[PDB]
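Below, chains carry the letters A, B, ... as their sequence lines are ordered, and counting in each starts from 1. Values below: all heavy atoms of this structure, side chains included; hydrogens, waters and symmetry mates excluded.
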Amino acid sequence: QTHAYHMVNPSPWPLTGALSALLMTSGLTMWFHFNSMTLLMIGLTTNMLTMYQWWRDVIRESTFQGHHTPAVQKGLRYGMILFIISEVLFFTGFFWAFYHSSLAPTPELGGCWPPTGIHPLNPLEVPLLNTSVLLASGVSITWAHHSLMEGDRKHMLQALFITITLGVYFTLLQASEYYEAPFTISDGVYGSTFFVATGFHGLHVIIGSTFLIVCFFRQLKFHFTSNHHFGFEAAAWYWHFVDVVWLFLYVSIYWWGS
Amino acid sequence: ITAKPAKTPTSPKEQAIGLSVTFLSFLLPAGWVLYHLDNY
Amino acid sequence: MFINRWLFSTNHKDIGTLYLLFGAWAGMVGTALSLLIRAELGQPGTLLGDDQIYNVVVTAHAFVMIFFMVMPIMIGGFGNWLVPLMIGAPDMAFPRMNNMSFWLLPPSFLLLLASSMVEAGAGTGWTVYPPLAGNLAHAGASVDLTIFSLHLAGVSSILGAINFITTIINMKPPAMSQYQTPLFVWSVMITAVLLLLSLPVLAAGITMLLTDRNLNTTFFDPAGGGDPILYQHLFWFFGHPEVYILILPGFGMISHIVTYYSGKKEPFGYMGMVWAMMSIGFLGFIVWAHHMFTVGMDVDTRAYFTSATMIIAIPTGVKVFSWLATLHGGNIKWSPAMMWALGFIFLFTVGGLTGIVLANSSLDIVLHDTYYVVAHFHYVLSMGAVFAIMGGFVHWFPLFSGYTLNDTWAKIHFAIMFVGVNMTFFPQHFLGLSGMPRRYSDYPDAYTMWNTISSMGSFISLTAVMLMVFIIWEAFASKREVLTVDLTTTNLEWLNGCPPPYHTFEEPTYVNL
Amino acid sequence: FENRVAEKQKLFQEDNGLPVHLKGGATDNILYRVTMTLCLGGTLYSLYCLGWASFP
Amino acid sequence: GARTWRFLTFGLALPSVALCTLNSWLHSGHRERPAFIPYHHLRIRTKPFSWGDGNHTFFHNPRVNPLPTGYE
Amino acid sequence: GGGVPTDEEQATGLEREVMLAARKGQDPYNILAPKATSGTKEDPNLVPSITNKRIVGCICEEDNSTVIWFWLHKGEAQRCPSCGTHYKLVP
Amino acid sequence: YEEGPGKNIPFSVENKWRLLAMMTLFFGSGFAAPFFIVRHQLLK
Amino acid sequence: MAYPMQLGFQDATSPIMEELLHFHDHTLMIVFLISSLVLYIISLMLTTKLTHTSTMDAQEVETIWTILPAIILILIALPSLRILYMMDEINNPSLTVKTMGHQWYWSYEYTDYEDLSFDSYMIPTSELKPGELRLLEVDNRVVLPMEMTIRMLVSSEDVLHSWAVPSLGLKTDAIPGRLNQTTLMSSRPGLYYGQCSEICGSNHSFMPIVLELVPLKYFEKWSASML
Amino acid sequence: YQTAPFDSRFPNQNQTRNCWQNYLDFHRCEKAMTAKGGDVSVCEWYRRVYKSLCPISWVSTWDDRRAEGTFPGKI
Ligand code: HEA
Ligand code: HEA
Ligand SMILES: CCCCC/C=C\C/C=C/C/C=C\C/C=C\CCCC(=O)O[C@H](COC(=O)CCCCCCCCCCCCCCCCC)COP(=O)(O)OCCN
Ligand SMILES: CCCCCC/C=C\CCCCCCCCCC(=O)O[C@H](COC(=O)CCCCCCCCCCCCCCC)COP(=O)(O)OC[C@@H](O)CO
Ligand SMILES: CCCCCCCCCCO[C@@H]1O[C@H](CO)[C@@H](O[C@H]2O[C@H](CO)[C@@H](O)[C@H](O)[C@H]2O)[C@H](O)[C@H]1O
Ligand SMILES: CCCCCCCCCCO[C@@H]1O[C@H](CO)[C@@H](O[C@H]2O[C@H](CO)[C@@H](O)[C@H](O)[C@H]2O)[C@H](O)[C@H]1O
Ligand SMILES: C[C@H](CCC(=O)O)[C@H]1CC[C@H]2[C@@H]3[C@H](O)C[C@@H]4C[C@H](O)CC[C@]4(C)[C@H]3C[C@H](O)[C@]12C
Ligand SMILES: [Zn+2]
């Protein structure tokens, strides 16, 4: 080859991924209708094994084998941006559901928002703490980025550790707020919009925190250079996305919707 | 486009066999089902 | 070796071939479903004696034709085969993720065929509206298996869209601007942008339906303060872009086929064609509620959706006139692919014009949920997508295979299909104007003559489909090896021979500034 | 910790014809076999589950 | 610089989290649960949940989440 | 405070080859668009190849949307069949 | 991997009669499936 | 109702259905003309051995084939929107009738004065009286006064349905939790038929609508007799 | 009184809030009148309008919820 692009070794992970999707969906079917978790627990396991080996191989191809030329890195930049756009449009559907229900509350709700018998959380208590936590983590991840670019290993690790700690704090606060909430997912469209929108956001915080932990261990093992660290950039972009979705949820559901 | 003559020519008789077998593979199973609908 | 090559592929050509095989198999399923529809309607009374089964057949017909036949063939098959070759790229940007887009579709298809086999199937229509699709009126696993089928097809096409956009932006020769890429490549980039933005909104909506069915949410349930009409907005916010997704790669293939068989180096008005496809893609996001003119929306909302929908005719007209201007002065070669492309131009135009009738909300009150709508979309979508697919298949078969079709057989195939689809769908205009509802298993006696003729048409297209399988067999059976192809100087995908080597453009093209 | 990237670069560039998913050694083969066994076995079980659920 | 973003992390961002942590800390303690009223738009049950007895939400809190029939 | 490797210390494989060639102003992996000569038979466009033929795309005039594609073979200069611009292979 | 006509496909075209059998089964199974699905739903 | 071999719309029963017929004639002329012009131009491009294969300049012609279509769309839009706003205009109804969709039948409520309500089911084929229409007759017709503005309100007590009467130009979706309004005015006495127009499950084909349009005095006596 | 006149507060195809508002207005008025022991006849206009517009099953369900103490509107 006299081009700069990556011809990938034939791989089994696309097939194991596709089959993990089949086992997770048929498993959810088997859990909702046939009172059994077996298929679902096989699908979740094969999904985690697929993700582990696939992203392991990407690290082998880049850090260990040198296939990530500037042209390859530019492609991964576009791929991550486009992935984030698709996730924004997914959240857009839930925000549309929320505004649709809350701007024209039906007679069943008492014709008001919040509905009769719903006692929203105080947005100035734990939801405000959660906002401070994710905004703070957007500052610390930025410190981590500049430390890496400046070649500072210790400060990159401390900043990234702080960022992960804040992600975990957010997740534990949210778990606690779920448990304390006097309303449930079954409390009409208020509970439906609240738990499904904040729940998908919670999942993205766990995914993003996991991605940052992956970057933390790769940094411990010296994988990143001061100039080449796309896994870190991608995790930082994803982390800013999670922050920004939170700001929209906080303003829409917690504050305006209270 | 230009092309070589057939490396393994398919005579008119061979084409009638291929066409017949193709049509039967579509028609017999569907025909069996539709013929037996009353029975189902 | 077989498993490494066909199950573990990282090769755009072999993955394209997997998509074409999958889509052809899907087309046989979708055709069988279509013939069962027309058999139920081919005489007055009941054939199946079970209208839940009729509704399941209608629903599966649409999902198979849209998600397993058209999108895999156009984007997965032609897109994977042609896009890298047309920009001199060595493969797709994400050649391993590309294989997962492919392998998600057999499981998606399996979940759809499971939906039809458990309980009484999903007899919902392909729109899957609650409360009919809810856990009271469709208790049990069928609708959830349909939702999961759509989730896997959705992930397949989202990752595919990321792949195509990245490939087309990032992997052209450095001298090649976006305004030096072929129209087929434009058509795939625009389709990929529509998929990227539209499928996540479908995913959100069908996820809400899943939670209403299984976790006691009430997004669409008025008892909880929900609204069935919210589902319809989310579905059609996806579903209008989806109909442009179904035709755009067809527009791209038609531009190449008309150019090629006119003996031209280039399509008429290249930048106009780029403008038209981008305009259609943008306007395709702001018209969805023309699927909802009878749900009770405000008059001003209806006036807006009527007006915005009609605007799409302007860019679309530029494409139709640009195809005719490409023919103008051509050394016309009457190949079977040219016949498909000319049939496309005519039949697409008829369907597009009945869409402009439907855009008028006032008239749509009377045409909505009638066979007039079924006639509109079988012209513009069914014949449009299928004619472009058959044109592209007969044109590029020798590139993909290294063998020629029998052109006389391929012209016979075209002639039978042209008769069958017009006999099938043209009378459905009369059924719609005269008020026959769609999604019906039986009809008042007055509607018998047109339903009889329509069902007889459906059998003519069956004969064409069976002949098509024989024609593909005859080509592989006879093994006429390609020698020379004309116009390689403006059709880069042919310049590496037939078929091209597994690895092409290992040494990239030389293009200076 | 110490920077051992050079020793991993030597291992993954070794001219042994192995695909990247198996180039780490015997542990890769094991995790591959576990993954594919769970996927193929899981898939056969899902087909059994369909057979079961297809009848009342 | 890293120096500036560290200054912001420790000088503004974490002091904010500490102040909001204080605010939350001071406004915690269980508020009195309201009178149970069996409103038909709440405690929705169209299908049993796929866990427990089918009638308990996933993060059911006996103190503040009534069943369709009232507090446990 | 150091401890982060540089590309100079740790880049490997093709990434390193591209890095080292660029420092020397060389482009063996075709990252840059080549600059045209006058393209006369005396001053042909020089087309590097690792083999005895390579595909040329000719954008005959600035902002043409149509690219003219042809195989350039080792030996005598060949001409773009649209504009007659000369190209010569340098294997 | 084998390159060239009849070699860039997951099915053999070495024998036109075995190929006819394979194409029969492939397209035939797809076209038959819906008829057997209707039969299945009618027999429940 | 439709008659055998019908090509176009049912004859108009209401002034707005008359307006839609004239609007469809205008639009269909344009559809015919454009369809025909495209087929003719295809055939003109394909019927000469004369050639011109060099690069063709596009900008002059692209003006023609954006401006002409823009004008044609405005010539469709103008009468289209006149009719849309005419339907929507304030008419002051004399009577309100509600219909509720169900799997698989319509109920009707006339509650301006008395509590009048009843179910309306398809007559089974095996029970049709000689001369009666398969899949179209109901046991209990929707009796209404002719030559009067009537407010119809449409909802559902289960899944989506859609209340349609083609000869009056009517189609309003029946959505649970929603009350959709339309107006009905028949120029003539008689029987006017329609069919459920939203897929509502296995008997979607078999829950029709029969309006019986009679003088006010007959409507009043029928109403009294139905309590 | 023939039927409910056009109400400029509810000019669109969705008449759900018109039915709801008139049902609330009747029951608010009947409570205000019964409470002072004035005459429920002043409430008659609201009664005629909600009976004209509101589906029987809606009124029936709302009446049952007022008697149960689960009516979510303010009366
Ligand atoms: C390939 C797929 C495809 C394409 C491209 C289109 C294109 C268009 N469609 Fe269609 N449509 C569908 C597939 C498609 N449609 C499907 C599947 C449904 C139903 C879904 C369901 O309910 O199941 C549907 C339904 C649908 C409806 C809803 C009807 C109803 O349910 O009541 C409407 C409403 O406006 C609409 C309009 C249009 C219009 C205005 C265009 C325009 O884009 C057409 C533009 C083209 C032309 C106009 C012809 C060429 C132009 C000229 C020659 C220039 C000159 C022309 C003029 C001046 C007019 N279509
Ligand atoms: C691409 C989309 C597509 C295609 C191709 C078709 C094809 C056909 N459709 Fe339709 N159809 C829909 C999309 C499509 N359909 C949708 C979306 C609905 C609405 C469902 C709902 O209401 O919910 C519908 C509904 C619908 C109805 C209305 C049902 C009702 O309202 O009750 C009818 C009635 O006749 C019909 C008939 C047919 C017929 C006879 C064919 C064909 O038989 C016509 C001939 C075409 C072929 C035979 C295709 C052959 C192609 C291949 C075999 C692929 C070959 C592959 C390669 C070469 C690589 N379909
Ligand atoms: C701290 C936040 C972290 C979130 C993780 C927690 C739990 C499971 C995973 C969550 C994933 C996100 C959303 C899915 C939907 C529902 C969960 C919403 C969040 C949540 O956890 O909601 C809880 C309900 O959970 C329930 O039903 C639980 C239901 C569990 C089953 C999940 C169903 C799976 C749905 C399929 C997903 C489809 C994916 C689409 C992909 C797109 C492809 C195109 C709320 O508890 P409660 O007791 O009702 O109220 C509190 C009262 N004290
Ligand atoms: C425990 C909870 C279970 C729930 C399921 C999902 C859970 C966890 C997923 C966590 C995501 C981890 C992703 C780790 C990726 C590691 C590989 C990597 O980061 O690879 C990098 C490339 O980036 C790349 O591929 C970028 C690839 C990025 C992909 C990540 C995107 C997020 C994935 C979301 C997945 C599901 C979302 C579904 C929600 C609907 C490698 O290039 P560099 O870093 O430049 O290194 C090279 C240098 O060393 C040279 O000097
Ligand atoms: C929409 C797609 C369908 C298109 C129409 C299909 C065209 C018909 C193809 C022939 O199908 C066969 O027809 C036979 C009858 O002609 C059937 O034999 C049946 O009838 C015979 C004659 O009575 C008996 O001898 C057999 O036992 C009995 O199975 C046989 O099963 C069936 O396969
Ligand atoms: C690596 C290869 C892949 C591995 C495949 C393994 C397949 C073996 C799974 C065992 O099957 C289980 O059998 C249980 C019965 O013994 C079921 O219990 C469930 O079903 C019971 C049936 O009464 C009920 O009691 C409850 O729903 C529940 O306990 C359960 O659903 C089912 O999964
Ligand atoms: C001593 C060691 C040096 C690592 C190295 O240079 O190889 C240091 C550098 C940065 C340290 C980490 C960061 O300072 C952040 C964390 C600080 C906590 O007090 C302990 C864990 C914690 C996650 C540290 C673990 C470990 O001691 C690290 C990794
Ligand atoms: Zn040139």
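Using modelled atom types, no side-chain atom of C/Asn214 and backbone atom of C/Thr211 make a donor-acceptor pair closer than 3.5 Å.
Minimum heavy-atom separation, A/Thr193 to A/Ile253: O-CD1, 4.1 Å.
Taking the side-chain hydrogen bond (donor to acceptor under 3.5 Å, both in side chains) definition, one finds that A/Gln174 meets it with A/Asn130, A/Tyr254, sequence neighbours left out.
The side-chain heavy atoms of A/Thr163 and A/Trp143, taken from C-beta on, include no pair separated by under 4.5 Å.
A salt bridge does not link A/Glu150 to E/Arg6: none of the charged nitrogens lies less than 4.0 Å from a carboxylate oxygen. Salt-bridge annotation for A/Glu61 and A/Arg56: absent, with no side-chain N of the basic residue lying under 4.0 Å from a carboxylate O of the acidic one. The existence of a salt bridge linking A/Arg60 and D/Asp28 is confirmed by a sub-4.0 Å separation between a basic side-chain nitrogen and an acidic carboxylate oxygen.
Aromatic ring centroids of A/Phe230 and A/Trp237 lie under 6.0 Å apart. Two rings, from A/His201 and A/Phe170, have their centers less than 6.0 Å apart. Residues A/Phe194 and A/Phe183 bring their aromatic ring centres within 6.0 Å.
Between the side chains of C/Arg213 and E/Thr46, no donor-acceptor pair is found at a separation under 3.5 Å.
With A/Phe222 as the aromatic partner, A/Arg153 meets the cation-pi criteria of under 6.0 angstrom to the ring centre and within 45 degrees of the ring axis.
Of the candidates A/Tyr250, A/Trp255, A/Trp246, A/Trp246 is the only one forming a side chain to side chain donor-acceptor pair (under 3.5 Å) with A/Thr131. The one candidate from A/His223, A/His146, A/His145 that meets the ring pair (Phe, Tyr, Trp, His ring centres under 6.0 Å) condition with A/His229 is A/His145.
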